Amino acid sequence: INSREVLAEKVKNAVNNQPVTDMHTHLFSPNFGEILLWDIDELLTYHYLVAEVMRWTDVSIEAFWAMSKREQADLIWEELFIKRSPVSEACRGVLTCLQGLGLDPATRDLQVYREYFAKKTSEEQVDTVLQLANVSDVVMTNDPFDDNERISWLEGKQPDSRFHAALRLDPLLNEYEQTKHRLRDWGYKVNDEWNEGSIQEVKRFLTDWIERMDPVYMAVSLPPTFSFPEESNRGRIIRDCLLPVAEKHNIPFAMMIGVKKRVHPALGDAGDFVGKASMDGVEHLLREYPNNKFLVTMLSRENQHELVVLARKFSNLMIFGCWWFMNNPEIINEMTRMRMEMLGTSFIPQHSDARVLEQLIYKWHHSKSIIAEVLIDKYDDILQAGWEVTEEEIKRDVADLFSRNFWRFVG
Amino acid sequence: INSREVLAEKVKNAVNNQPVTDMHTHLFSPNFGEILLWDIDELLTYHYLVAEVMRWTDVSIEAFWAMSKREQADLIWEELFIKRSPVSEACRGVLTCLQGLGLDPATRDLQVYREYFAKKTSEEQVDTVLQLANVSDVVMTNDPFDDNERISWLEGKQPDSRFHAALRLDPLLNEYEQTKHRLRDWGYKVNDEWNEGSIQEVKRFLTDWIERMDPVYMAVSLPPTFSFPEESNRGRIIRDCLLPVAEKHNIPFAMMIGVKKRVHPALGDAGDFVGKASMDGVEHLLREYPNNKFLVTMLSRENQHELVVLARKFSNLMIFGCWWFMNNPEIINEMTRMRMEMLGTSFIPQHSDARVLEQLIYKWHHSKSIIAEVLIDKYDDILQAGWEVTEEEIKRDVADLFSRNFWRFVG
Amino acid sequence: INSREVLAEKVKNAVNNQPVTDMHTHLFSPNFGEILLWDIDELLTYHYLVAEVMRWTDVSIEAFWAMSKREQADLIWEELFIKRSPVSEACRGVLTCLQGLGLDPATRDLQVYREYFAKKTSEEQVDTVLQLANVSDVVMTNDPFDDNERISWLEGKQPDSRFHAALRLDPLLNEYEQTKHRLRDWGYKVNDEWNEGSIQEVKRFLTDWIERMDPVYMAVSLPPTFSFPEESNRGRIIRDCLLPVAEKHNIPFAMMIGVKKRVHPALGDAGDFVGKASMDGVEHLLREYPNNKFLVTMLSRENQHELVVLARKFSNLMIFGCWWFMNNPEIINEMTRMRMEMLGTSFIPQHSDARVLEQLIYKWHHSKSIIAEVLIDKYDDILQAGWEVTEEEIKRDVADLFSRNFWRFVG
Ligand SMILES: O=CC(=O)[C@@H](O)[C@H](O)[C@H](O)C(=O)O
Ligand SMILES: O=CC(=O)[C@@H](O)[C@H](O)[C@H](O)C(=O)O
Ligand SMILES: O=CC(=O)[C@@H](O)[C@H](O)[C@H](O)C(=O)O
Ligand SMILES: [Cl-]
Ligand SMILES: [Zn+2]
Ligand SMILES: [Zn+2]
Ligand SMILES: [Zn+2]
Ligand SMILES: [Zn+2]
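Here's what the structure looks like:
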């Protein structure tokens, strides 16, 4: 390669053809049941769009939740696509999905699009989507406190080889005072106070599930006020239970910091907000637990640059994705550029956070084009400096970014 | 449209031809008197340039204020345009105004530029400028605590139909301790305590001025430390008087948060600074007062992204403009993109904040070019996804952004 | 200048031809000895690359520090250049230096690059590098608390006309409890108690060193928690000694704010982190000490915009460079644009912070190209407004930005 033009095609092709390992989604293996969502109506009722439609429609939130799935979908399509152009990232995403499946957004024929999905099955749509989105591996969010999901694990169900488990623990860490009673009901003899017994039982709880799911990592989403150390249930659990168990099983600990839950409870999953967090807690964890691995992603735009700098300090920290409110072109671009400039290729640029199966298509299509453009710029800079990049080196670097860095980290 | 080039021309045409409603300025109906500032000398002595010239000139701030308007204008012209290239946004803006008026910056003939304004009346210039800037409606900042402005309203003088009033309340909310003495002198018997009597009289004051002004909204500028609820005069006035009255008359409450007043007293209007604010008070107001409408713009760059996320949570929140220190190309661009990507077209991209008539020319010229660029990108992305946008839908979306969204919100 | 194409040509040439005054580096006049670091092995072992290589290599940090300079350099070359493409800014910089020296990165022949340096003397390489990077003046960081540097000064060493001293005081201001003992060891009779006697001896220490080094400014790097006034050694020493001495000798005070030292002790120089600081202390200093001059650069991305706004308020504030974690293309670009949009040309866009002689080549090459682009955009915008910029004015502006603004400020 010795031309930006030539470089551009080589990079775009390597990126496009590179099978993706999506290390954080809200999808489930087909055999887990209806817990796996898919089709155009599910795409249109994605909570991102529920929030956006409420800024326009005169239909009360109560009434909205009272409508059927199809009715909610019809309202959103009309309000966000017909009455106004679907220029938002979330709306754009729905279109990218339709087009990717072979459907044509030009006609705006929602009924015809729907007819497409009605024909196929879950296992069938999964194969097609994973093919079209070029995703080889999907990491789920497995929460044992969720009855709809725990039932499948207790039944001995196993996800197919393309889906990996990740032990989600928000209820345990953030709501211990209520959750402790559920552990007791499950036979985990935790006591009123934090003593040897409570510690051991919570650890047994973690180990039992690690044994059941064989998770690639344990995870938790945290508030902007997250601090560590801390004399709170969360602080003690992390210190006395999670970290020791994680080290023993060499399992990474994923922290998604910055979410302020339910600032608008009526909106349900669309009612969460964001706040800038202190880096002190993460800094402490990284330094004081050198034998533990940490995967981190933050919600606030204002935490992104310093998070990158922290990654420069600690190799036991792997930063990943452009999470939630960060998953917009303007932010993805600035984040990926800051990350590559200070970390080279030693990071995971993105995850889809897909809640609806088809999203894998747009999530990866929208991000890959931006990442490819960033790569082209960086490769070109060193080419201009006289360096010679081979297509094989490109495919290698791209492989690390979209798949290898993750598996290498989880080990 | 089926090509970026084609799209670009149709988008730019739609943006340029769309009549603008400037929902926040410091301009006054021409019949109000000299408070309506205009001409090249007023543009050159805009406080933005006073701050900039003071970074170069050897002239003391005292000596500067002692100079006549023409002398100050002369100094600023020589210091910021001749001794160094006028590359700053504020300086660039002055040139943009001259050009729009038919004058030629190439000559740098300040004397000739001045001759242009001397042969014109204020009403004439108003028609000229509003025409050039394609501004159909101007929202003023009317402060009933200023003796001069108070005259116009008490005399029953109505403003030009193109100008709308906005009840500014900074003295009341931020300086109650000193303002209460004037409220009493005006017939509003507020006590030195916050009893029912005082509460009722403040409401009466607001109610009376809403009747006299028929404002599109009530407004206040707040410091980075703004909090709510709060046991202070401002906190009690907002809770017990402003919100109740605003809800009863269904008029929005505009909050411009982030200004740290007079960090450099000697600079006058040019001595204000900025600070990041907590989103807690705004979040509280939105959630706890669903029957009230809120217009918000923040001064800190670091508050922009989270403000957008907050708008996603509450439909009774309408964010607007790129205020003051945010009114620069680099910031206008990132802000507008973040806003459209997460809010689609459900927001008001800009306002001029013009203190001098002519500024409407450059403020909107400089902002429309950027907004057009963003729209082109967003339209092209969905266009690439197979969606087809009609030129009529473009005019519709452009109308919402530059005018409809505001009037719709103020109801 | 007719077209943007013609404009770009004249701007690029002026920027490239303009001799640079690098107002902050960690280089020393060659006659000072081996403390002046140079050659490819030094470039490769720059702490920026030590941090980066530790994110990839299996070699422990202890084993790394135990390796020879050559072995460390071989490791870094293989890990960051061969096993992965050298796309990070720091790695790209190493290549740019190689190319600028006439070597060829295409061969990846590290053994051959090393031969180029095995010949030359320090004096020759200084002449070579300064000519290539077109740097006419280099400001050093002279720390009288470092035993080695101190001996040179006490024994009469003077830098040649191309190098200027800057009195660095971190140990005095940030570690006074440890430093007071050393002051006493040097004849400065400070008491354990902070009183008039101690104040006078610290003032005498500063005076003696100002006289010995004839520094262009006194400097210190500060933590994100920096505040002023403050009841602490730093607060008292700045108030009682530094500011009065600086005013008396009319010497500016350079504050580099935002570094959190040694968050990862084992990484040595590569173990410092970043944090956002309050602007309160800087605002206070500028306002209350109008007779003192302050040079400021901040480490947090989130402090940049407000720092610019503060410069608009105070002429005794000169902001400079894109420091450390800010010295990446994505950040340099946004910072430089915000600065010019709000300050025109009244600022110092960059400094190299070079710790290794050859870095001057890449630091200035990478920054000049970015600064050139910003200038082209800004000049083009006013050209489109009708203004006509001459090539002489362009050369003047470029001279101000890269050299004149500094000498003028510290004059
Ligand atoms: O992308 C937005 C989401 O998926 C959130 O609703 C979700 O709660 C978040 O990503 C999480 O994993 O906690
Ligand atoms: O945009 C700069 C301005 O107009 C400020 O001086 C003004 O005080 C501010 O916009 C306000 O309305 O409080
Ligand atoms: O640019 C990175 C550096 O030179 C730092 O190591 C250095 O300590 C910093 O610039 C300073 O002068 O304190
Ligand atoms: Cl911030
Ligand atoms: Zn998620
Ligand atoms: Zn205003
Ligand atoms: Zn940007
Ligand atoms: Zn330095």
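Residue numbers (the deposited numbering), protein chains in the order written: chain A, 3 to 413; chain B, 3 to 413; chain C, 3 to 413. Heads up, the beta-carbon is just placed ideally off N, CA and C, and yes, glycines get one too.
If you count every other CB in all the chains shown that lies within 10 Å of the CB of residue i, and 16 or more means buried, which is it?
{"i": "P267 of chain C", "result": "exposed"}
{"i": "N193 of chain C", "result": "exposed"}
{"i": "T181 of chain C", "result": "buried"}
{"i": "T392 of chain A", "result": "exposed"}
{"i": "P292 of chain C", "result": "exposed"}
{"i": "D43 of chain B", "result": "buried"}
{"i": "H183 of chain B", "result": "exposed"}
{"i": "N305 of chain A", "result": "buried"}
{"i": "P351 of chain B", "result": "buried"}
{"i": "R314 of chain A", "result": "buried"}
{"i": "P88 of chain B", "result": "buried"}
{"i": "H251 of chain C", "result": "exposed"}
{"i": "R186 of chain A", "result": "exposed"}
{"i": "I84 of chain C", "result": "exposed"}
{"i": "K295 of chain C", "result": "buried"}
{"i": "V114 of chain A", "result": "exposed"}
{"i": "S354 of chain A", "result": "buried"}
{"i": "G346 of chain C", "result": "buried"}
Could you check whether residue j and residue i sit closer than 8 angstroms to each other, using their CB atoms as the reference points?
{"i": "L359 of chain A", "j": "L29 of chain A", "result": "yes"}
{"i": "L319 of chain B", "j": "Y219 of chain B", "result": "no"}
{"i": "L224 of chain C", "j": "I253 of chain C", "result": "no"}
{"i": "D382 of chain B", "j": "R6 of chain B", "result": "yes"}
{"i": "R214 of chain A", "j": "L175 of chain A", "result": "no"}
{"i": "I378 of chain B", "j": "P331 of chain B", "result": "no"}
{"i": "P226 of chain C", "j": "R241 of chain C", "result": "no"}
{"i": "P161 of chain B", "j": "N33 of chain B", "result": "yes"}
{"i": "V55 of chain C", "j": "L38 of chain C", "result": "no"}
{"i": "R94 of chain C", "j": "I363 of chain A", "result": "no"}
{"i": "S302 of chain B", "j": "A272 of chain B", "result": "no"}
{"i": "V140 of chain B", "j": "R164 of chain B", "result": "yes"}
{"i": "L245 of chain A", "j": "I63 of chain A", "result": "no"}
Using 8 angstroms for Cβ pairs, my map puts residue i next to residue j. What's the rounded Cβ distance?
{"i": "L46 of chain B", "j": "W79 of chain B", "result": "6 angstroms"}
{"i": "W409 of chain B", "j": "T23 of chain B", "result": "7 angstroms"}
{"i": "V276 of chain A", "j": "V8 of chain B", "result": "Actually they are not in contact, since the Cβ atoms of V276 of chain A and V8 of chain B sit about 38 angstroms apart, beyond 8 angstroms."}
{"i": "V400 of chain A", "j": "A16 of chain A", "result": "5 angstroms"}
{"i": "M344 of chain C", "j": "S90 of chain B", "result": "7 angstroms"}
So if I measure from each beta-carbon to every heavy atom of ligand 2 and keep distances below 6 angstroms, which residues remain? B:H28, B:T143, B:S223, B:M258, B:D271, B:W326, B:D355 and B:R357
Who's in the neighbourhood of ligand 4, going by beta-carbon under 5 angstroms from any heavy atom, listed in chain order? A:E304, B:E304 and C:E304
Going along the chain, which residues of the segment 337 to 358 of chain B sit with their C-beta nearer than 8 angstroms to a C-beta in chain A? Only those residues of the segment 337 to 358 of chain B whose C-beta falls short of 8 angstroms from the nearest C-beta of chain A are listed: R339, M340, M342, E343, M344, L345, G346, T347 and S348.
Taking a Cβ distance cut-off of 7 angstroms, strictly less, list which residues of the segment 20 to 54 of chain B are near chain C, in chain order. Only those residues of the segment 20 to 54 of chain B whose C-beta falls short of 7 angstroms from the nearest C-beta of chain C are listed: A53 and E54.
Give me the subset of the segment 321 to 332 of chain A whose CB atoms are less than 8 angstroms from a CB atom of chain B, sorted by chain position. Of all residues in the segment 321 to 332 of chain A, the ones placed with a Cβ closer than 8 angstroms to any Cβ belonging to chain B are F327, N330, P331 and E332, in chain order.
Tell me which residues pass a beta-carbon proximity test against ligand 7: closer than 6 angstroms to any heavy atom, given in chain order. A:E336, B:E336 and C:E336
Where the segment 271 to 293 of chain A meets chain B: residues whose CB sits under 9 angstroms from a CB there: Those residues of the segment 271 to 293 of chain A that come within reach of chain B (Cβ to Cβ, closer than 9 angstroms) are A272, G273, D274, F275, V276, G277 and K278.
Compile a chain-ordered list of the residues in the segment 299 to 317 of chain C whose CB is closer than 8 angstroms to at least one CB of chain A. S302, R303 and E304
Contacting positions in the segment 376 to 394 of chain B - beta carbon closer than 7 angstroms to chain A: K380, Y381, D383, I384, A387, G388, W389, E390 and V391
Determine which residues of the segment 84 to 108 of chain A have a Cβ less than 7 angstroms from any Cβ of chain B, and write them out in chain order. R86, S87, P88, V89, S90, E91, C93, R94, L97, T98, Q101, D106, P107 and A108
For the segment 240 to 265 of chain B, which residues have a CB atom closer than 9 angstroms to at least one CB atom of chain C, in sequence order? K262 and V265
Of the residues that make up the segment 115 to 137 of chain A, which ones have a beta carbon closer than 8 angstroms to any beta carbon in chain C? none
Cβ-based contacts, 9 angstroms cut-off: residues of the segment 160 to 185 of chain B near chain C: none
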